[PDB]
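J.: Residue numbers (full-length UniProt numbering), protein chains in the order written: chain A, 299 to 338, 350 to 716; chain B, 299 to 338, 348 to 718.
Even for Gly, the Cβ is constructed at its ideal location relative to N, Cα and C.
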Amino acid sequence: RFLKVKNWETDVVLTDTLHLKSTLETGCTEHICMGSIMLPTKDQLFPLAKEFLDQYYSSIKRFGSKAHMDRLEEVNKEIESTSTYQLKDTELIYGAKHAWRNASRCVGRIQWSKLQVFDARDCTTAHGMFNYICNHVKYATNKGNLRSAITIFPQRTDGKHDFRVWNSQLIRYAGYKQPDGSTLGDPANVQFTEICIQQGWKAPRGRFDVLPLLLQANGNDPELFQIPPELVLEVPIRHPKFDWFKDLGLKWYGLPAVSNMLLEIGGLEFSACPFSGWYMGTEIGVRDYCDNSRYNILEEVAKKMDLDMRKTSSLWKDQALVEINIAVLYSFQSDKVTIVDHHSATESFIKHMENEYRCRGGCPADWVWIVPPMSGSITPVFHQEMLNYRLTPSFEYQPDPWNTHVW
Amino acid sequence: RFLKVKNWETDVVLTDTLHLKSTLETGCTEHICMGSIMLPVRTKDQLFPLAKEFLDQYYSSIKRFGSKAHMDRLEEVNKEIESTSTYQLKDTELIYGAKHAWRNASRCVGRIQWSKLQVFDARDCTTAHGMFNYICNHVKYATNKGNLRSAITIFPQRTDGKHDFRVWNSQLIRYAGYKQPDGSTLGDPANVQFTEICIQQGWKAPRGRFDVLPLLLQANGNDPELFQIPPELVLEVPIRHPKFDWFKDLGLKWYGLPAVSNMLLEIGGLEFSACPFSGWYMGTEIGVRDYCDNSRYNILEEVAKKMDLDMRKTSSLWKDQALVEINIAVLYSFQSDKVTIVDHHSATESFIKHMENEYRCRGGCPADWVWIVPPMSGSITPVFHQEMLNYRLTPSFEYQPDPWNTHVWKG
Ligand code: HEM
Ligand code: HEM
Ligand SMILES: Cc1cc(N)nc(CCc2cncc(CCc3cc(C)cc(N)n3)c2)c1
Ligand SMILES: Cc1cc(N)nc(CCc2cncc(CCc3cc(C)cc(N)n3)c2)c1
Ligand SMILES: Cc1cc(N)nc(CCc2cncc(CCc3cc(C)cc(N)n3)c2)c1
Ligand SMILES: Cc1cc(N)nc(CCc2cncc(CCc3cc(C)cc(N)n3)c2)c1
Ligand SMILES: [Cl-]
Ligand SMILES: [Cl-]
Ligand SMILES: [Zn+2]
Ligand SMILES: [Zn+2]
Ligand SMILES: [Zn+2]
């Protein structure tokens, strides 16, 4: 089963064979495409473990070897006895790197093999989780020279003793509903902020308040911890040409760190596995600042620019959007904090995709997420056909724990 | 059976039931999504079910389902197919069918307009000369001195597949492209292959940057024939910028009338291989796609040079800055010349209102996010955070391969 993908700018055609190794289901059918939908026992466990160990032993050119058979033997016995198994450190590192390699929504995967993996499987308490996370934040931040990292807490057992980070990202800003009816801070985080306050957090009640961590160890009720302020690197936003831009009082944090996803390796499930990289500029300047449901700053910026806001066809929104994104990139670069613009990032992804087709037989990719949220067609991913399918090991979305947890 | 779609900016949730009427396949499976793949004679047996499905839909839309007239029409079509292997649509059914192919076109952001379509019935056409006259009349009507009106012209349907009507042009109005011995291209690189065919057939090429191509028209399966659209029927707009006086000296212009001529219209199992249709432009089609695609006019560098932007590093966003100014110029120029055009903000806002109305009155609105989201400033338009469901309803417009690959040359 050879599927062709074409690039419409270059006419280059690539052949995908990797999709034949896909296992999980997409949500699409022959009758309906759901490509734009955001959320589309012992017996079960051994085939999953075997599938993974086969791929691992193949990667180190030891497939069918004594060491391969012996390990498969070992894992089988462990599952039959304990209803589960433990990954070797080599297997854990390989699995985490491949989960990133397989993440079809990630434009940054050229970097996949350079991931620092912190093994936190010996963690037993919420205070232990906090220490691990602080060390991750410090290592990853590296005074502005950011380094990709993942920290992996103990795997799910019976499902009643899950480790979870309640926060969606390790560093994010609070949001507060006002008597005015408006929102102060980040509207994305109003609900989580309320939970934090209810659990005892003393909120500063400002526009950019770094949220505390709510950490759940061993299925216990989550506990609150504040990340040491001096470990949270932030960048004030200014513009190279517009002196007034600084007076908007905008800032953002340097470290993008996802903490709400589930890492599946060899059928084992790691429900707390925070990971971090560095930002693409549009993530801050387009998504976080300009989404209507977020800080929604387009109107204020346009006003300061003296643009004709009376008609849409003046393209005042597009003009202000460009300037905000110029300011984001300028500010991070001036403060020596790693950032990538959308042109550079997409160029790198195409090179990565070409590498993956030649060395691996394909690269699953979700065009809806890969194409940047501004200036899509002038980047080299827009005219690139992509095939989206699910490979394991993988990162999977999991719902907010406050919808499931029983106190 | 219900599917839900969510808008991630507004939290508005809609419910689709219309997908139940979908027939044809998407290209996707349970194991693979092909959502970003651009390209993912019937027998008596298969035709009557297709005819019946269409006629049932038509008579339902006029509130005459199950009426004597409905039953009589089914009988009449049944007997026509069994006797002649095909059938003819009534004028009313043709109009309904063409409007619905547009309503159903999942890649079209302009569908709020679907019920306002002028249908020109050209099923009595027999020759390429006849096709040319119908096409000129379509261009003149649709252009309407700048007050653009949507229109479609429908030529005779397929019979045995050996007698097809085809417009060989991909669009009625488009510019020539010429590859030079040094490997550079003059004009529009999208049209080099078609231009060579025109020259080979006898066109005398001006060899400039914006030469309107001749029509190459195939009637009744015969070899195609060349015709020049009268220049006075081809409305064009020189591109200038409201603040930058040097913009005009880039020498840019574009034509006012976007008119697709290469698609197949399917109505009730019948196939109309020549059915040119036209509307009016969304600004980004010209300013982003036609001007800025690397494989097209590719003007970004030249514009950025004249703006004196910092072009040493991509992080200055020089390309983004130049792109906005080009698109401002396109909208300004069309508006100044009183030629209908819509900006991407207005167009997407109207589409979302159309979509919500369709969910309420029809139970759905199939839409292809990849094409619906504009090629610049996507996330600041209301379509970006809208979940969509893509599925195929008939009547429909389908892509067909370029006829120069398939045509049997008679001589
Ligand atoms: C090294 C720099 C990195 C860059 C520039 C980057 C870039 C991005 C971007 C731009 C997105 C989508 C955000 C949006 O569309 O608004 C994304 C998503 C994602 N990335 Fe990366 N990435 C990086 C590192 C990582 C790392 C280290 C991992 C895991 C080890 C990872 C895994 C993921 C996953 C799982 C998603 C989807 C997240 C979700 O579903 O919410 N990426 N990436
Ligand atoms: C009236 C104003 C109209 C506007 C503003 C408009 C807008 C557009 C746009 C922007 C595209 C996609 C182009 C791109 O992604 O670069 C498109 C595609 C399309 N539209 Fe419309 N449209 C209009 C009228 C029409 C009419 C009259 C019809 C047919 C009766 C039609 C049927 C289609 C079809 C079939 C496609 C897909 C074409 C393909 O696959 O090549 N549209 N429309
Ligand atoms: C409903 C829903 C589903 C889903 N799968 N993801 C989300 C969150 C999407 C999301 C929002 N902001 C931020 C991110 C993280 C993206 C990200 C992650 C990393 C590691 C690096 C980098 N530069 N960027 C992801 C929401
Ligand atoms: C839980 C939740 C609720 C809510 N109302 N919104 C969100 C954020 C939704 C969201 C908005 N913009 C951007 C993203 C990132 C993912 C993303 C999505 C799409 C469609 C394109 C693209 N390039 N990237 C996510 C999350
Ligand atoms: C390989 C391929 C497949 C496919 N389905 N379409 C194409 C052509 C895409 C395409 C390119 N330029 C222009 C259009 C026309 C879109 C269009 C059509 C109409 C009627 C009005 C309007 N404003 N815009 C379509 C190519
Ligand atoms: C026959 C043919 C060959 C070729 N190399 N390119 C083309 C045009 C491909 C093309 C390029 N940009 C734009 C389009 C329009 C359709 C389109 C495609 C996508 C991916 C997004 C979007 N918003 N709209 C089509 C056609
Ligand atoms: Cl966004
Ligand atoms: Cl484009
Ligand atoms: Zn799909
Ligand atoms: Zn967004
Ligand atoms: Zn393009």
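Under 9 Å between C-beta atoms, does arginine 596/A make it to chain B?
T.: Numbered from 1 along the first sequence, position 287 holds the residue referred to as residue 596/A. With 9 Å as the cut-off, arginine 596/A counts as an interface residue toward chain B.
J.: Please check the pair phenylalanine 554/B and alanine 636/B, which I expect to be a contact at CB under 8 Å, by giving their CB distance rounded to whole angstroms.
T.: The residue you call residue 554/B lines up with position 247 of the second sequence. The residue you call residue 636/B lines up with position 329 of the second sequence. That belief holds up - the Cβ atoms of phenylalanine 554/B and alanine 636/B are roughly 5 Å apart, short of 8 Å.
J.: Less than 8 Å separating the Cβ of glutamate 632/A from some heavy atom of ligand 1?
T.: Against the first sequence, residue 632/A aligns to sequence position 323. False, no ligand heavy atom lies under 8 Å from that Cβ.
J.: Using CA coordinates, which residue listed in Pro488/A, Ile419/A and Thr492/A is at the minimum distance from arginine 516/A?
T.: In the first sequence, the residue the question calls residue 516/A occupies position 207. The option with the nearest alpha carbon to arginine 516/A is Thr492/A.
J.: Where are the alpha helix (DSSP H) runs, 4 residues long or more, that stay fully inside the stretch 439-508 of chain A, in chain order?
T.: Here the runs fully enclosed are 499-507.
J.: Taking 6 Å as the limit between beta carbons, can you name the residues of its chain near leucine 542/B, skipping five residues before and five after?
T.: Taking the first residue of the second sequence as 1, we reach residue 542/B at position 235. Around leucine 542/B: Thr450 and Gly563.
J.: Using a Cβ-Cβ distance under 9 Å, would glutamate 328/A count as near chain B?
T.: By 1-based counting over the first sequence, the position of residue 328/A is 30. Judged by the 9 Å Cβ criterion, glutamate 328/A is in contact with chain B.
J.: Going along the chain, which residues of its own chain have a beta-carbon closer than 7 Å to the beta-carbon of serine 392/A, five neighbours each way excluded?
T.: Along the first sequence, read from residue 1 onward, the residue named residue 392/A stands at position 83. Taken in chain order, the residues that qualify are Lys351.
J.: Using the beta-carbon of each residue, find all residues closer than 6 Å to any heavy atom of ligand 11 and list them in chain order.
T.: Listed along the chain, these residues meet the criterion: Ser686/A, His692/A, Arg596/B and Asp600/B.
J.: Can you tell me which residues form a DSSP beta bridge with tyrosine 706/A?
T.: As a first step, residue 706/A is located in the first sequence; it is residue number 397 there, counting from the start. DSSP, once it has assigned bridges, lists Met570/A as partnering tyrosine 706/A.
J.: Should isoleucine 504/B be flagged as near chain A, meaning a C-beta pair shorter than 9 Å?
T.: Residue mapping note: residue 504/B aligns to position 197 of the second sequence, counting from 1. No, no contact with chain A.
J.: Can you find a heavy atom of ligand 1 that lies under 8 Å from the Cβ of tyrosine 706/A?
T.: Working through the first sequence from its first residue, we reach residue 706/A at position 397. Flag set: Cβ of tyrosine 706/A near ligand 1.
J.: Comparing the CB of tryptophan 306/B with every heavy atom of ligand 10, is any distance shorter than 8 Å?
T.: As a first step, residue 306/B must be located in the second sequence, where it is residue number 8. At least one heavy atom of ligand 10 is nearer than 8 Å to the Cβ of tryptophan 306/B, so yes.
J.: Going straight from the alpha carbon of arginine 414/B to that of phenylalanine 584/B, what length do you get?
T.: Here residue 414/B corresponds to residue number 107 of the second sequence, with the count starting at 1. Here residue 584/B corresponds to residue number 277 of the second sequence, with the count starting at 1. So the alpha carbons of these two residues sit roughly 15 Å apart.
J.: Under 8 Å, with one C-beta from each stretch per pair, do the stretch 515-531 of chain A and the stretch 469-489 of chain A reach the 3-pair mark?
T.: In short, these stretches touch, since the Cβ pair count reaches three.
J.: Hey, out of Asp615/A, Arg619/A, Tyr639/A and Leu607/A, whose CA is closest to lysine 620/B's CA?
T.: Here residue 620/B corresponds to residue number 313 of the second sequence, with the count starting at 1. Cα-wise, what sits closest to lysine 620/B is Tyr639/A.
J.: For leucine 577/A, tell me which candidate among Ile593/A, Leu396/A and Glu609/A has the shortest Cα-Cα distance.
T.: Sequence index remark: in the first sequence, residue 577/A carries index 268 (1-based). Measuring from the Cα of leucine 577/A, the nearest candidate turns out to be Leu396/A.
J.: In chain A, which residues lie less than 8 Å from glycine 333/B when you measure between Cβ atoms?
T.: Working through the second sequence from its first residue, we reach residue 333/B at position 35. Those are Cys326, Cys331, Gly333, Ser334, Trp676, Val677 and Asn697, listed as they occur along chain A.
J.: Under the assumption that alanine 408/A contacts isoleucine 574/A (Cβ atoms under 8 Å), give the Cβ distance between them as a whole number of angstroms.
T.: Counting from one through the first sequence, the residue named residue 408/A turns up at place 99. Counting from one through the first sequence, the residue named residue 574/A turns up at place 265. The pair is a contact, with the Cβ atoms about 7 Å apart (cut-off 8 Å).
J.: Please report whether the beta-carbon of residue 342/B lies at a distance below 9 Å from any beta-carbon of chain A.
T.: The model of chain B omits the segment between 338 and 348, and residue 342/B is among the residues lacking coordinates.
J.: Buried or exposed: which applies to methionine 336/B, given that a residue is buried once 16 or more other Cβ atoms fall within 10 Å of its Cβ?
T.: The residue you call residue 336/B lines up with position 38 of the second sequence. The residue is exposed, with fewer than 16 neighbouring Cβ atoms inside 10 Å.
J.: Listed from N- to C-terminal order along the chain, which residues in the stretch 606-632 of chain A have their beta-carbon within a distance smaller than 8 Å of any beta-carbon of chain B?
T.: Listed by position, the residues of the stretch 606-632 of chain A near chain B (Cβ gap below 8 Å) are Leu607, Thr621, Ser622, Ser623, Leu624, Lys626, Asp627, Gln628, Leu630 and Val631.
J.: Could you have a look at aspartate 675/B and say whether DSSP puts it in helix, strand or coil?
T.: Position 368 of the second sequence holds residue 675/B. The answer is coil: DSSP assigns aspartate 675/B none of H, G, I, E or B.
J.: Which same chain residues end up closer than 7 Å to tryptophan 625/B when comparing Cβ atoms and leaving out the 5 residues on each side of it in sequence?
T.: Residue numbering aside, residue 625/B sits at position 318 when the second sequence is read from its first letter. So the list reads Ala611, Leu616, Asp617 and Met618, once near-sequence residues are dropped.
J.: Checking contacts by CB at 9 Å: is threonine 313/A closer than that to chain B?
T.: As a working mapping, residue 313/A is identified with position 15 in the first sequence. Not closer than 9 Å to any Cβ of chain B, the Cβ of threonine 313/A fails to qualify, so no.
J.: Would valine 416/B be called buried (16 or more neighbouring beta carbons within 10 Å of its own) or exposed?
T.: Numbered from 1 along the second sequence, position 109 holds the residue referred to as residue 416/B. Per the 10 Å Cβ criterion, buried.
J.: The stretch 637-666 of chain A: which residues have C-beta closer than 9 Å to a C-beta of chain B, in chain order?
T.: From the stretch 637-666 of chain A, only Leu638, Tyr639, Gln642, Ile648, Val649, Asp650, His651, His652, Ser653 and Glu656 have a Cβ closer than 9 Å to chain B.
J.: What are the start and end residues of the alpha helix (DSSP H) that includes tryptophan 625/B?
T.: The residue you call residue 625/B lines up with position 318 of the second sequence. It spans 625-643 - the alpha helix (DSSP H) in which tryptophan 625/B sits, taken as one unbroken run.
J.: Work out the CA separation of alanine 629/A and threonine 713/B for me, nearest whole Å.
T.: Against the second sequence, residue 713/B aligns to sequence position 406. Against the first sequence, residue 629/A aligns to sequence position 320. Each residue's Cα considered, the two are about 49 Å apart.
J.: CB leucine 524/A to CB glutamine 508/A, shorter than 9 Å?
T.: On the first sequence, position 215 is the one that residue 524/A refers to. On the first sequence, position 199 is the one that residue 508/A refers to. Not a contact, by the Cβ cut-off of 9 Å.
J.: Compute the Euclidean distance between the alpha carbons of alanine 526/B and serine 580/B, then round it to the nearest angstrom.
T.: The residue given as residue 526/B occupies position 219 in the second sequence. The residue given as residue 580/B occupies position 273 in the second sequence. In a straight line, the C-alpha of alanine 526/B is about 11 Å away from that of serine 580/B.
J.: Taking the alpha-carbon of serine 684/A as reference, which of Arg699/B, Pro710/B, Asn634/B and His317/B has the nearest alpha-carbon?
T.: Counting from one through the first sequence, the residue named residue 684/A turns up at place 375. For the residues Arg699/B, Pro710/B, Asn634/B and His317/B, the minimum Cα distance to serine 684/A belongs to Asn634/B.
J.: Let me know the secondary structure DSSP gives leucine 616/B once reduced to three states.
T.: Here residue 616/B refers to the residue found at position 309 of the second sequence. Correct three-state label for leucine 616/B: coil.
J.: Could you tell me which chain B residues have their CB closer than 8 Å to the CB of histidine 317/A, listed as they occur along the chain?
T.: Residue 317/A sits at position 19 when you count from the first residue of the first sequence. Within chain B, the residues near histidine 317/A are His329 and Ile330.
J.: To the nearest angstrom, report how far apart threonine 460/A and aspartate 431/A are at their CA atoms.
T.: Residue numbering aside, residue 460/A sits at position 151 when the first sequence is read from its first letter. Residue numbering aside, residue 431/A sits at position 122 when the first sequence is read from its first letter. Roughly 12 Å between the two C-alpha positions.
J.: Run the proximity test for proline 496/A: is its beta-carbon closer than 8 Å to any non-hydrogen atom belonging to ligand 7?
T.: One-based indexing of the first sequence puts residue 496/A at position 187. Checking the Cβ of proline 496/A against ligand 7 gives no.
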